[PDB]
$ cat final07.pdb   # PDB, C-alpha atoms and all ligand atoms
ATOM      1  CA  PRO W   5     303.562 -58.829-148.952  1.00  0.00           C
ATOM      2  CA  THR W   6     306.618 -58.798-146.711  1.00  0.00           C
ATOM      3  CA  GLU W   7     306.905 -61.012-143.673  1.00  0.00           C
ATOM      4  CA  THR W   8     306.159 -57.968-141.517  1.00  0.00           C
ATOM      5  CA  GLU W   9     303.098 -57.128-143.555  1.00  0.00           C
ATOM      6  CA  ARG W  10     301.912 -60.713-143.449  1.00  0.00           C
ATOM      7  CA  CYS W  11     302.359 -60.913-139.685  1.00  0.00           C
ATOM      8  CA  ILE W  12     300.461 -57.654-139.137  1.00  0.00           C
ATOM      9  CA  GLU W  13     297.674 -59.110-141.238  1.00  0.00           C
ATOM     10  CA  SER W  14     297.665 -62.458-139.432  1.00  0.00           C
ATOM     11  CA  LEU W  15     297.462 -60.610-136.085  1.00  0.00           C
ATOM     12  CA  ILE W  16     294.320 -58.897-137.274  1.00  0.00           C
ATOM     13  CA  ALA W  17     292.862 -62.103-138.717  1.00  0.00           C
ATOM     14  CA  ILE W  18     293.568 -64.125-135.572  1.00  0.00           C
ATOM     15  CA  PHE W  19     291.947 -61.516-133.376  1.00  0.00           C
ATOM     16  CA  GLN W  20     288.912 -61.338-135.649  1.00  0.00           C
ATOM     17  CA  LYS W  21     288.447 -65.063-135.913  1.00  0.00           C
ATOM     18  CA  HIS W  22     288.537 -65.444-132.116  1.00  0.00           C
ATOM     19  CA  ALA W  23     286.624 -62.276-131.406  1.00  0.00           C
ATOM     20  CA  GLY W  24     283.822 -63.168-133.872  1.00  0.00           C
ATOM     21  CA  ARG W  25     282.391 -66.240-132.171  1.00  0.00           C
ATOM     22  CA  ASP W  26     279.728 -64.326-130.240  1.00  0.00           C
ATOM     23  CA  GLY W  27     277.803 -61.204-131.455  1.00  0.00           C
ATOM     24  CA  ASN W  28     280.575 -58.715-130.812  1.00  0.00           C
ATOM     25  CA  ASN W  29     283.604 -59.073-133.130  1.00  0.00           C
ATOM     26  CA  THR W  30     285.492 -56.159-131.680  1.00  0.00           C
ATOM     27  CA  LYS W  31     286.019 -57.725-128.249  1.00  0.00           C
ATOM     28  CA  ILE W  32     287.417 -61.123-127.119  1.00  0.00           C
ATOM     29  CA  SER W  33     285.260 -62.265-124.206  1.00  0.00           C
ATOM     30  CA  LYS W  34     286.566 -64.579-121.363  1.00  0.00           C
ATOM     31  CA  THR W  35     285.122 -67.599-123.136  1.00  0.00           C
ATOM     32  CA  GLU W  36     286.756 -66.690-126.394  1.00  0.00           C
ATOM     33  CA  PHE W  37     290.056 -65.932-124.669  1.00  0.00           C
ATOM     34  CA  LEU W  38     289.800 -69.463-123.057  1.00  0.00           C
ATOM     35  CA  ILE W  39     289.432 -70.975-126.520  1.00  0.00           C
ATOM     36  CA  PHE W  40     292.162 -68.855-128.078  1.00  0.00           C
ATOM     37  CA  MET W  41     294.594 -69.773-125.233  1.00  0.00           C
ATOM     38  CA  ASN W  42     293.764 -73.503-125.553  1.00  0.00           C
ATOM     39  CA  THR W  43     294.183 -73.583-129.318  1.00  0.00           C
ATOM     40  CA  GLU W  44     296.604 -70.878-130.626  1.00  0.00           C
ATOM     41  CA  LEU W  45     298.664 -70.912-127.466  1.00  0.00           C
ATOM     42  CA  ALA W  46     297.987 -74.553-126.395  1.00  0.00           C
ATOM     43  CA  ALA W  47     301.699 -75.202-125.775  1.00  0.00           C
ATOM     44  CA  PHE W  48     302.023 -72.468-123.176  1.00  0.00           C
ATOM     45  CA  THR W  49     298.586 -73.182-121.786  1.00  0.00           C
ATOM     46  CA  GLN W  50     298.803 -76.950-121.363  1.00  0.00           C
ATOM     47  CA  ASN W  51     302.006 -76.638-119.325  1.00  0.00           C
ATOM     48  CA  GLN W  52     300.277 -74.621-116.566  1.00  0.00           C
ATOM     49  CA  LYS W  53     297.824 -76.900-114.669  1.00  0.00           C
ATOM     50  CA  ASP W  54     296.263 -74.305-112.393  1.00  0.00           C
ATOM     51  CA  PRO W  55     293.116 -73.081-114.143  1.00  0.00           C
ATOM     52  CA  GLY W  56     293.117 -69.836-112.146  1.00  0.00           C
ATOM     53  CA  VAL W  57     296.124 -68.715-114.234  1.00  0.00           C
ATOM     54  CA  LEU W  58     294.029 -67.667-117.280  1.00  0.00           C
ATOM     55  CA  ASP W  59     291.619 -65.843-115.022  1.00  0.00           C
ATOM     56  CA  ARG W  60     294.604 -63.984-113.638  1.00  0.00           C
ATOM     57  CA  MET W  61     296.025 -63.294-117.097  1.00  0.00           C
ATOM     58  CA  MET W  62     292.645 -61.976-118.272  1.00  0.00           C
ATOM     59  CA  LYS W  63     292.358 -59.548-115.381  1.00  0.00           C
ATOM     60  CA  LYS W  64     295.886 -58.347-115.944  1.00  0.00           C
ATOM     61  CA  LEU W  65     295.301 -57.795-119.685  1.00  0.00           C
ATOM     62  CA  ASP W  66     291.895 -56.176-119.265  1.00  0.00           C
ATOM     63  CA  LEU W  67     293.193 -52.656-118.804  1.00  0.00           C
ATOM     64  CA  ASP W  68     289.869 -50.787-118.925  1.00  0.00           C
ATOM     65  CA  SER W  69     288.293 -53.526-116.871  1.00  0.00           C
ATOM     66  CA  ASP W  70     285.165 -54.062-118.967  1.00  0.00           C
ATOM     67  CA  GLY W  71     285.738 -57.884-118.772  1.00  0.00           C
ATOM     68  CA  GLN W  72     286.709 -58.393-122.470  1.00  0.00           C
ATOM     69  CA  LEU W  73     289.946 -57.917-124.465  1.00  0.00           C
ATOM     70  CA  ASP W  74     289.884 -55.365-127.316  1.00  0.00           C
ATOM     71  CA  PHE W  75     292.511 -55.518-130.084  1.00  0.00           C
ATOM     72  CA  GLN W  76     295.066 -53.426-128.322  1.00  0.00           C
ATOM     73  CA  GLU W  77     294.812 -55.461-125.080  1.00  0.00           C
ATOM     74  CA  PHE W  78     295.171 -58.586-127.141  1.00  0.00           C
ATOM     75  CA  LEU W  79     298.304 -57.097-128.744  1.00  0.00           C
ATOM     76  CA  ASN W  80     299.870 -56.518-125.257  1.00  0.00           C
ATOM     77  CA  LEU W  81     299.474 -60.333-124.769  1.00  0.00           C
ATOM     78  CA  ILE W  82     301.186 -61.063-128.087  1.00  0.00           C
ATOM     79  CA  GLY W  83     303.908 -58.533-127.306  1.00  0.00           C
ATOM     80  CA  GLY W  84     304.494 -59.723-123.690  1.00  0.00           C
ATOM     81  CA  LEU W  85     305.063 -63.261-125.017  1.00  0.00           C
ATOM     82  CA  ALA W  86     307.307 -62.177-127.902  1.00  0.00           C
ATOM     83  CA  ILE W  87     309.368 -60.089-125.434  1.00  0.00           C
ATOM     84  CA  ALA W  88     309.856 -63.011-122.982  1.00  0.00           C
ATOM     85  CA  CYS W  89     310.761 -65.247-125.897  1.00  0.00           C
ATOM     86  CA  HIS W  90     313.255 -62.760-127.311  1.00  0.00           C
ATOM     87  CA  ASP W  91     314.784 -62.313-123.824  1.00  0.00           C
ATOM     88  CA  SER W  92     315.284 -66.119-123.629  1.00  0.00           C
ATOM     89  CA  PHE W  93     316.814 -66.201-127.090  1.00  0.00           C
ATOM     90  CA  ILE W  94     319.343 -63.485-125.986  1.00  0.00           C
ATOM     91  CA  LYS W  95     320.016 -65.266-122.649  1.00  0.00           C
ATOM     92  CA  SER W  96     320.675 -68.509-124.520  1.00  0.00           C
ATOM     93  CA  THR W  97     322.966 -67.054-127.136  1.00  0.00           C
ATOM     94  CA  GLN W  98     324.915 -64.352-125.181  1.00  0.00           C
ATOM     95  CA  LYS W  99     325.753 -66.644-122.328  1.00  0.00           C
TER
ATOM     96  CA  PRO D   5     303.245 -74.190-134.894  1.00  0.00           C
ATOM     97  CA  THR D   6     300.052 -72.147-134.872  1.00  0.00           C
ATOM     98  CA  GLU D   7     299.701 -68.947-136.834  1.00  0.00           C
ATOM     99  CA  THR D   8     300.122 -67.029-133.575  1.00  0.00           C
ATOM    100  CA  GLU D   9     303.254 -68.948-132.714  1.00  0.00           C
ATOM    101  CA  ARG D  10     304.642 -68.452-136.193  1.00  0.00           C
ATOM    102  CA  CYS D  11     303.964 -64.719-136.100  1.00  0.00           C
ATOM    103  CA  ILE D  12     305.624 -64.351-132.690  1.00  0.00           C
ATOM    104  CA  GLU D  13     308.624 -66.144-134.135  1.00  0.00           C
ATOM    105  CA  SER D  14     308.715 -64.050-137.309  1.00  0.00           C
ATOM    106  CA  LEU D  15     308.589 -60.875-135.175  1.00  0.00           C
ATOM    107  CA  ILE D  16     311.694 -62.022-133.368  1.00  0.00           C
ATOM    108  CA  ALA D  17     313.432 -63.084-136.583  1.00  0.00           C
ATOM    109  CA  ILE D  18     312.644 -59.819-138.372  1.00  0.00           C
ATOM    110  CA  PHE D  19     313.960 -57.771-135.486  1.00  0.00           C
ATOM    111  CA  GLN D  20     317.121 -59.866-135.304  1.00  0.00           C
ATOM    112  CA  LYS D  21     317.823 -59.770-139.000  1.00  0.00           C
ATOM    113  CA  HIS D  22     317.509 -55.966-139.062  1.00  0.00           C
ATOM    114  CA  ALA D  23     319.179 -55.427-135.728  1.00  0.00           C
ATOM    115  CA  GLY D  24     322.184 -57.633-136.641  1.00  0.00           C
ATOM    116  CA  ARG D  25     323.682 -55.583-139.458  1.00  0.00           C
ATOM    117  CA  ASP D  26     326.094 -53.674-137.218  1.00  0.00           C
ATOM    118  CA  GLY D  27     327.904 -55.044-134.091  1.00  0.00           C
ATOM    119  CA  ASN D  28     324.953 -54.791-131.743  1.00  0.00           C
ATOM    120  CA  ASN D  29     322.109 -57.245-132.493  1.00  0.00           C
ATOM    121  CA  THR D  30     319.959 -56.175-129.595  1.00  0.00           C
ATOM    122  CA  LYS D  31     319.304 -52.656-130.896  1.00  0.00           C
ATOM    123  CA  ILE D  32     318.041 -51.314-134.269  1.00  0.00           C
ATOM    124  CA  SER D  33     320.068 -48.188-135.017  1.00  0.00           C
ATOM    125  CA  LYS D  34     318.721 -45.234-137.160  1.00  0.00           C
ATOM    126  CA  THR D  35     320.454 -46.642-140.220  1.00  0.00           C
ATOM    127  CA  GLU D  36     318.984 -50.059-139.699  1.00  0.00           C
ATOM    128  CA  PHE D  37     315.540 -48.609-139.014  1.00  0.00           C
ATOM    129  CA  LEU D  38     315.901 -46.677-142.371  1.00  0.00           C
ATOM    130  CA  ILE D  39     316.583 -49.964-144.145  1.00  0.00           C
ATOM    131  CA  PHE D  40     313.839 -51.865-142.347  1.00  0.00           C
ATOM    132  CA  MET D  41     311.286 -49.100-143.176  1.00  0.00           C
ATOM    133  CA  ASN D  42     312.356 -49.037-146.859  1.00  0.00           C
ATOM    134  CA  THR D  43     312.189 -52.798-147.284  1.00  0.00           C
ATOM    135  CA  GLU D  44     309.701 -54.484-144.864  1.00  0.00           C
ATOM    136  CA  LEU D  45     307.445 -51.462-144.764  1.00  0.00           C
ATOM    137  CA  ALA D  46     308.267 -50.033-148.248  1.00  0.00           C
ATOM    138  CA  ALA D  47     304.568 -49.580-149.084  1.00  0.00           C
ATOM    139  CA  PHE D  48     303.912 -47.259-146.165  1.00  0.00           C
ATOM    140  CA  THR D  49     307.289 -45.608-146.534  1.00  0.00           C
ATOM    141  CA  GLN D  50     307.269 -44.866-150.258  1.00  0.00           C
ATOM    142  CA  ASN D  51     303.928 -43.058-149.983  1.00  0.00           C
ATOM    143  CA  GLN D  52     305.350 -40.391-147.631  1.00  0.00           C
ATOM    144  CA  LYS D  53     307.805 -38.156-149.576  1.00  0.00           C
ATOM    145  CA  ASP D  54     309.057 -36.031-146.701  1.00  0.00           C
ATOM    146  CA  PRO D  55     312.233 -37.691-145.427  1.00  0.00           C
ATOM    147  CA  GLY D  56     311.908 -35.994-142.032  1.00  0.00           C
ATOM    148  CA  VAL D  57     308.982 -38.349-141.290  1.00  0.00           C
ATOM    149  CA  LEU D  58     311.205 -41.345-140.371  1.00  0.00           C
ATOM    150  CA  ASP D  59     313.349 -39.119-138.208  1.00  0.00           C
ATOM    151  CA  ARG D  60     310.174 -38.086-136.437  1.00  0.00           C
ATOM    152  CA  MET D  61     308.944 -41.671-136.137  1.00  0.00           C
ATOM    153  CA  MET D  62     312.308 -42.755-134.706  1.00  0.00           C
ATOM    154  CA  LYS D  63     312.261 -40.079-132.028  1.00  0.00           C
ATOM    155  CA  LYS D  64     308.711 -40.956-131.111  1.00  0.00           C
ATOM    156  CA  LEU D  65     309.505 -44.689-130.842  1.00  0.00           C
ATOM    157  CA  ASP D  66     312.773 -44.213-128.975  1.00  0.00           C
ATOM    158  CA  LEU D  67     311.241 -44.145-125.521  1.00  0.00           C
ATOM    159  CA  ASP D  68     314.448 -44.232-123.456  1.00  0.00           C
ATOM    160  CA  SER D  69     316.047 -41.852-125.902  1.00  0.00           C
ATOM    161  CA  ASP D  70     319.332 -43.703-126.410  1.00  0.00           C
ATOM    162  CA  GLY D  71     318.976 -43.203-130.231  1.00  0.00           C
ATOM    163  CA  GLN D  72     318.280 -46.892-131.113  1.00  0.00           C
ATOM    164  CA  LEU D  73     315.157 -49.111-131.020  1.00  0.00           C
ATOM    165  CA  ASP D  74     315.253 -52.169-128.722  1.00  0.00           C
ATOM    166  CA  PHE D  75     312.826 -55.065-129.280  1.00  0.00           C
ATOM    167  CA  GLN D  76     310.041 -53.651-127.216  1.00  0.00           C
ATOM    168  CA  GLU D  77     310.204 -50.232-128.948  1.00  0.00           C
ATOM    169  CA  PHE D  78     310.167 -52.025-132.253  1.00  0.00           C
ATOM    170  CA  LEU D  79     307.062 -53.938-131.113  1.00  0.00           C
ATOM    171  CA  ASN D  80     305.241 -50.616-130.343  1.00  0.00           C
ATOM    172  CA  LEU D  81     305.830 -49.768-134.069  1.00  0.00           C
ATOM    173  CA  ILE D  82     304.385 -53.105-135.189  1.00  0.00           C
ATOM    174  CA  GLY D  83     301.472 -52.715-132.784  1.00  0.00           C
ATOM    175  CA  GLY D  84     300.724 -49.050-133.698  1.00  0.00           C
ATOM    176  CA  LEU D  85     300.455 -50.089-137.366  1.00  0.00           C
ATOM    177  CA  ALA D  86     298.342 -53.187-136.679  1.00  0.00           C
ATOM    178  CA  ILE D  87     296.004 -51.042-134.527  1.00  0.00           C
ATOM    179  CA  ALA D  88     295.533 -48.374-137.256  1.00  0.00           C
ATOM    180  CA  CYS D  89     294.955 -51.127-139.786  1.00  0.00           C
ATOM    181  CA  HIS D  90     292.414 -52.902-137.596  1.00  0.00           C
ATOM    182  CA  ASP D  91     290.637 -49.567-136.955  1.00  0.00           C
ATOM    183  CA  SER D  92     290.354 -49.064-140.755  1.00  0.00           C
ATOM    184  CA  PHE D  93     289.061 -52.590-141.231  1.00  0.00           C
ATOM    185  CA  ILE D  94     286.307 -51.885-138.601  1.00  0.00           C
ATOM    186  CA  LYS D  95     285.526 -48.449-140.132  1.00  0.00           C
ATOM    187  CA  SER D  96     285.185 -50.060-143.558  1.00  0.00           C
ATOM    188  CA  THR D  97     282.986 -52.927-142.483  1.00  0.00           C
ATOM    189  CA  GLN D  98     280.756 -51.340-139.758  1.00  0.00           C
ATOM    190  CA  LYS D  99     279.873 -48.350-141.849  1.00  0.00           C
TER
ATOM    191  CA  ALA Y   1     297.453 -58.027-148.526  1.00  0.00           C
ATOM    192  CA  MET Y   2     294.900 -55.661-146.970  1.00  0.00           C
ATOM    193  CA  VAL Y   3     297.621 -54.256-144.751  1.00  0.00           C
ATOM    194  CA  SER Y   4     299.926 -53.217-147.587  1.00  0.00           C
ATOM    195  CA  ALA Y   5     297.077 -51.249-149.168  1.00  0.00           C
ATOM    196  CA  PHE Y   6     296.106 -49.763-145.856  1.00  0.00           C
ATOM    197  CA  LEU Y   7     299.674 -48.636-145.183  1.00  0.00           C
ATOM    198  CA  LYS Y   8     299.589 -46.938-148.574  1.00  0.00           C
ATOM    199  CA  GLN Y   9     296.411 -45.034-147.694  1.00  0.00           C
ATOM    200  CA  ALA Y  10     297.151 -44.256-144.039  1.00  0.00           C
ATOM    201  CA  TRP Y  11     299.996 -41.742-143.640  1.00  0.00           C
TER
ATOM    202  CA  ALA T   1     309.254 -73.473-133.662  1.00  0.00           C
ATOM    203  CA  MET T   2     311.554 -71.984-131.011  1.00  0.00           C
ATOM    204  CA  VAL T   3     308.616 -70.065-129.604  1.00  0.00           C
ATOM    205  CA  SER T   4     306.443 -73.114-128.961  1.00  0.00           C
ATOM    206  CA  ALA T   5     309.266 -74.691-126.953  1.00  0.00           C
ATOM    207  CA  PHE T   6     309.928 -71.472-125.131  1.00  0.00           C
ATOM    208  CA  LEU T   7     306.263 -71.116-124.186  1.00  0.00           C
ATOM    209  CA  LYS T   8     306.467 -74.633-122.780  1.00  0.00           C
ATOM    210  CA  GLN T   9     309.462 -73.737-120.605  1.00  0.00           C
ATOM    211  CA  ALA T  10     308.441 -70.217-119.570  1.00  0.00           C
ATOM    212  CA  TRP T  11     305.430 -70.214-117.221  1.00  0.00           C
TER
HETATM  213 CA    CA N 101     283.517 -61.423-129.230  1.00  0.00          CA
HETATM  214 CA    CA N 102     289.052 -54.566-121.843  1.00  0.00          CA
HETATM  215 CA    CA N 103     322.081 -53.154-134.492  1.00  0.00          CA
HETATM  216 CA    CA N 104     315.677 -46.749-127.408  1.00  0.00          CA
END

$ encode --input "final07.pdb" --output "structure tokens"
Amino acid sequence: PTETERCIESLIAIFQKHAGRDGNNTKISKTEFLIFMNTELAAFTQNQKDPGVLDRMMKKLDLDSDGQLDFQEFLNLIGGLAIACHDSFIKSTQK
Amino acid sequence: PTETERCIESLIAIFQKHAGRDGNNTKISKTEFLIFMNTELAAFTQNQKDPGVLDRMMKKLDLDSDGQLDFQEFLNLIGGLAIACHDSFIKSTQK
Amino acid sequence: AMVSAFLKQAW
Amino acid sequence: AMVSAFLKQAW
């Protein structure tokens, strides 16, 4: 598998591992998003000290407003972070 | 780094490696997309035998229609593929 | 892995 | 890697 193939597969596995803690593995609930954010994204999470931030991220990512994140909504989180990071890498090297 | 962190970083590296063949490393041109598709995504590409398919994918992904893919447009390709793959994994296991 | 096979089947 | 540090700085 290529690196792109491997990363597509990891995305799927990470979602599934975090979405399968309760009885619905197709949705990440608020509790599961809390755990994902404090363990896969600990570094970004620990910085922020206001606990209302995750509640605000959740609402913002929950596009159909059912209170849970489905795979696609979770991908918009991954993508939003990779875009900010890529913007900083450009900013830092074409300065 | 977590698997999510590593995958965000690989996304950025893959884009940058494929976008940096010509003099613009912030955009993947048509030629570079051709190479990326025949090497990172060879398995999906080789199946299709109609060469007009990539031209049609390119047009579809090129949302601001400047003829090149920027990082975000490239992420919509990665995401569209991970979503179809996750849909097939659900279809196959909740059958 | 599973993705590479999927990609082969889908499209 | 670079991402983890970025995440620390951004937000
Ligand atoms: Ca769940
Ligand atoms: Ca939702
Ligand atoms: Ca380029
Ligand atoms: Ca474009």

$ residues_near_ligand --input "final07.pdb" --ligand "ligand CA 104 (chain N)" --cutoff "7 Å" --atoms "only C-alpha atoms and all ligand atoms" --output "list in words"
residues 66, 67, 68, 69, 70, 71, 72, 73, 74 and 77 of chain D

$ calpha_fit_and_write --input "final07.pdb" --fixed "chain Y" --moving "chain T" --output "PDB file with C-alpha atoms, in the coordinates of the input"
ATOM      1  CA  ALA T   1     297.453 -58.027-148.526  1.00  0.00           C
ATOM      2  CA  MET T   2     294.900 -55.661-146.970  1.00  0.00           C
ATOM      3  CA  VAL T   3     297.621 -54.257-144.751  1.00  0.00           C
ATOM      4  CA  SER T   4     299.925 -53.217-147.587  1.00  0.00           C
ATOM      5  CA  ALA T   5     297.077 -51.249-149.168  1.00  0.00           C
ATOM      6  CA  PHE T   6     296.106 -49.763-145.856  1.00  0.00           C
ATOM      7  CA  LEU T   7     299.674 -48.636-145.183  1.00  0.00           C
ATOM      8  CA  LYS T   8     299.589 -46.938-148.574  1.00  0.00           C
ATOM      9  CA  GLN T   9     296.411 -45.034-147.693  1.00  0.00           C
ATOM     10  CA  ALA T  10     297.150 -44.256-144.039  1.00  0.00           C
ATOM     11  CA  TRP T  11     299.996 -41.741-143.641  1.00  0.00           C
TER      12      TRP T  11
END

$ resolve_selection --input "final07.pdb" --expression "the PyMOL selection byres (((chain D and resi 82-91) around 8) and not hetatm)" --output "number ranges by chain"
W: 12-13, 15-16, 75-76, 79; D: 78-81, 92-95; Y: 3, 6-7

$ resolve_selection --input "final07.pdb" --expression "the ChimeraX specification (/W :<8) & /Y" --output "ChimeraX atom specification"
/Y:1-4

$ residues_near_ligand --input "final07.pdb" --ligand "ligand CA 101 (chain N)" --cutoff "7 Å" --atoms "all atoms listed in the file" --output "ChimeraX atom specification"
/W:23-33,36

$ calpha_fit_and_write --input "final07.pdb" --fixed "chain D" --moving "chain W" --output "short mmCIF file (atom, residue, chain, number, x, y, z; two decimals) with C-alpha atoms, keeping the file's coordinate frame"
data_model
loop_
_atom_site.label_atom_id
_atom_site.label_comp_id
_atom_site.auth_asym_id
_atom_site.auth_seq_id
_atom_site.Cartn_x
_atom_site.Cartn_y
_atom_site.Cartn_z
CA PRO W 5 303.24 -74.19 -134.89
CA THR W 6 300.05 -72.15 -134.87
CA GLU W 7 299.70 -68.95 -136.83
CA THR W 8 300.12 -67.03 -133.58
CA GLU W 9 303.25 -68.95 -132.71
CA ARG W 10 304.64 -68.45 -136.19
CA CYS W 11 303.96 -64.72 -136.10
CA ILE W 12 305.62 -64.35 -132.69
CA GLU W 13 308.62 -66.14 -134.13
CA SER W 14 308.72 -64.05 -137.31
CA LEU W 15 308.59 -60.87 -135.17
CA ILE W 16 311.69 -62.02 -133.37
CA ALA W 17 313.43 -63.08 -136.58
CA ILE W 18 312.64 -59.82 -138.37
CA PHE W 19 313.96 -57.77 -135.49
CA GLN W 20 317.12 -59.87 -135.30
CA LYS W 21 317.82 -59.77 -139.00
CA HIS W 22 317.51 -55.97 -139.06
CA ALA W 23 319.18 -55.43 -135.73
CA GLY W 24 322.18 -57.63 -136.64
CA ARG W 25 323.68 -55.58 -139.46
CA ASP W 26 326.09 -53.67 -137.22
CA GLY W 27 327.90 -55.04 -134.09
CA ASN W 28 324.95 -54.79 -131.74
CA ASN W 29 322.11 -57.25 -132.49
CA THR W 30 319.96 -56.18 -129.60
CA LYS W 31 319.30 -52.66 -130.90
CA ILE W 32 318.04 -51.31 -134.27
CA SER W 33 320.07 -48.19 -135.02
CA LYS W 34 318.72 -45.23 -137.16
CA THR W 35 320.45 -46.64 -140.22
CA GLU W 36 318.98 -50.06 -139.70
CA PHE W 37 315.54 -48.61 -139.01
CA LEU W 38 315.90 -46.68 -142.37
CA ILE W 39 316.58 -49.96 -144.14
CA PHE W 40 313.84 -51.86 -142.35
CA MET W 41 311.29 -49.10 -143.18
CA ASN W 42 312.36 -49.04 -146.86
CA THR W 43 312.19 -52.80 -147.28
CA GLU W 44 309.70 -54.48 -144.86
CA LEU W 45 307.45 -51.46 -144.76
CA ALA W 46 308.27 -50.03 -148.25
CA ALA W 47 304.57 -49.58 -149.08
CA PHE W 48 303.91 -47.26 -146.17
CA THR W 49 307.29 -45.61 -146.53
CA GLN W 50 307.27 -44.87 -150.26
CA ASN W 51 303.93 -43.06 -149.98
CA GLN W 52 305.35 -40.39 -147.63
CA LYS W 53 307.81 -38.16 -149.58
CA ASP W 54 309.06 -36.03 -146.70
CA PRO W 55 312.23 -37.69 -145.43
CA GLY W 56 311.91 -35.99 -142.03
CA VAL W 57 308.98 -38.35 -141.29
CA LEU W 58 311.20 -41.35 -140.37
CA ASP W 59 313.35 -39.12 -138.21
CA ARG W 60 310.17 -38.09 -136.44
CA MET W 61 308.94 -41.67 -136.14
CA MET W 62 312.31 -42.75 -134.71
CA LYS W 63 312.26 -40.08 -132.03
CA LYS W 64 308.71 -40.96 -131.11
CA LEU W 65 309.50 -44.69 -130.84
CA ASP W 66 312.77 -44.21 -128.98
CA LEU W 67 311.24 -44.14 -125.52
CA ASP W 68 314.45 -44.23 -123.46
CA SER W 69 316.05 -41.85 -125.90
CA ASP W 70 319.33 -43.70 -126.41
CA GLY W 71 318.98 -43.20 -130.23
CA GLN W 72 318.28 -46.89 -131.11
CA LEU W 73 315.16 -49.11 -131.02
CA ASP W 74 315.25 -52.17 -128.72
CA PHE W 75 312.83 -55.06 -129.28
CA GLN W 76 310.04 -53.65 -127.22
CA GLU W 77 310.20 -50.23 -128.95
CA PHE W 78 310.17 -52.02 -132.25
CA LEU W 79 307.06 -53.94 -131.11
CA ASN W 80 305.24 -50.62 -130.34
CA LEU W 81 305.83 -49.77 -134.07
CA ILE W 82 304.39 -53.10 -135.19
CA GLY W 83 301.47 -52.72 -132.78
CA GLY W 84 300.72 -49.05 -133.70
CA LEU W 85 300.45 -50.09 -137.37
CA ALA W 86 298.34 -53.19 -136.68
CA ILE W 87 296.00 -51.04 -134.53
CA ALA W 88 295.53 -48.37 -137.26
CA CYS W 89 294.95 -51.13 -139.79
CA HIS W 90 292.41 -52.90 -137.60
CA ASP W 91 290.64 -49.57 -136.96
CA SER W 92 290.35 -49.06 -140.76
CA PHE W 93 289.06 -52.59 -141.23
CA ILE W 94 286.31 -51.88 -138.60
CA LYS W 95 285.53 -48.45 -140.13
CA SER W 96 285.18 -50.06 -143.56
CA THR W 97 282.99 -52.93 -142.48
CA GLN W 98 280.76 -51.34 -139.76
CA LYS W 99 279.87 -48.35 -141.85
#

$ atom_distance --input "final07.pdb" --atom1 "CA of residue 21 (chain D)" --atom2 "CA of residue 46 (chain W)"
27.8 Å

$ closest_residue --input "final07.pdb" --among "W:45, W:60, W:96, W:38" --to "chain D" --atoms "only C-alpha atoms"
W:45

$ build_atoms --input "final07.pdb" --residues "region 10-19 of chain D" --atoms "N, CA, C and O atoms" --output "PDB file, in the frame of the given file"
ATOM      1  N   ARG D  10     303.817 -68.758-135.062  1.00  0.00           N
ATOM      2  CA  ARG D  10     304.642 -68.452-136.193  1.00  0.00           C
ATOM      3  C   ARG D  10     304.886 -66.942-136.297  1.00  0.00           C
ATOM      4  O   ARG D  10     305.999 -66.560-136.612  1.00  0.00           O
ATOM      5  N   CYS D  11     303.836 -66.146-136.048  1.00  0.00           N
ATOM      6  CA  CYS D  11     303.964 -64.719-136.100  1.00  0.00           C
ATOM      7  C   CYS D  11     304.818 -64.200-134.964  1.00  0.00           C
ATOM      8  O   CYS D  11     305.591 -63.281-135.197  1.00  0.00           O
ATOM      9  N   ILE D  12     304.764 -64.790-133.769  1.00  0.00           N
ATOM     10  CA  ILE D  12     305.624 -64.351-132.690  1.00  0.00           C
ATOM     11  C   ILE D  12     307.076 -64.635-133.111  1.00  0.00           C
ATOM     12  O   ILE D  12     307.998 -63.858-132.926  1.00  0.00           O
ATOM     13  N   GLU D  13     307.277 -65.803-133.718  1.00  0.00           N
ATOM     14  CA  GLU D  13     308.624 -66.144-134.135  1.00  0.00           C
ATOM     15  C   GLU D  13     309.170 -65.263-135.268  1.00  0.00           C
ATOM     16  O   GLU D  13     310.349 -64.907-135.232  1.00  0.00           O
ATOM     17  N   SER D  14     308.328 -64.955-136.256  1.00  0.00           N
ATOM     18  CA  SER D  14     308.715 -64.050-137.309  1.00  0.00           C
ATOM     19  C   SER D  14     309.068 -62.665-136.717  1.00  0.00           C
ATOM     20  O   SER D  14     310.054 -62.105-137.176  1.00  0.00           O
ATOM     21  N   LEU D  15     308.265 -62.190-135.744  1.00  0.00           N
ATOM     22  CA  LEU D  15     308.589 -60.875-135.175  1.00  0.00           C
ATOM     23  C   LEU D  15     310.023 -60.830-134.676  1.00  0.00           C
ATOM     24  O   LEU D  15     310.812 -59.912-134.997  1.00  0.00           O
ATOM     25  N   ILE D  16     310.384 -61.870-133.917  1.00  0.00           N
ATOM     26  CA  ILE D  16     311.694 -62.022-133.368  1.00  0.00           C
ATOM     27  C   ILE D  16     312.723 -62.125-134.483  1.00  0.00           C
ATOM     28  O   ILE D  16     313.728 -61.436-134.391  1.00  0.00           O
ATOM     29  N   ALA D  17     312.486 -62.944-135.517  1.00  0.00           N
ATOM     30  CA  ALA D  17     313.432 -63.084-136.583  1.00  0.00           C
ATOM     31  C   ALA D  17     313.609 -61.772-137.349  1.00  0.00           C
ATOM     32  O   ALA D  17     314.701 -61.450-137.754  1.00  0.00           O
ATOM     33  N   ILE D  18     312.509 -61.066-137.605  1.00  0.00           N
ATOM     34  CA  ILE D  18     312.644 -59.819-138.372  1.00  0.00           C
ATOM     35  C   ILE D  18     313.467 -58.828-137.584  1.00  0.00           C
ATOM     36  O   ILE D  18     314.374 -58.191-138.119  1.00  0.00           O
ATOM     37  N   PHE D  19     313.158 -58.714-136.279  1.00  0.00           N
ATOM     38  CA  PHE D  19     313.960 -57.771-135.486  1.00  0.00           C
ATOM     39  C   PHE D  19     315.438 -58.117-135.555  1.00  0.00           C
ATOM     40  O   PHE D  19     316.301 -57.272-135.809  1.00  0.00           O
TER      41      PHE D  19
END
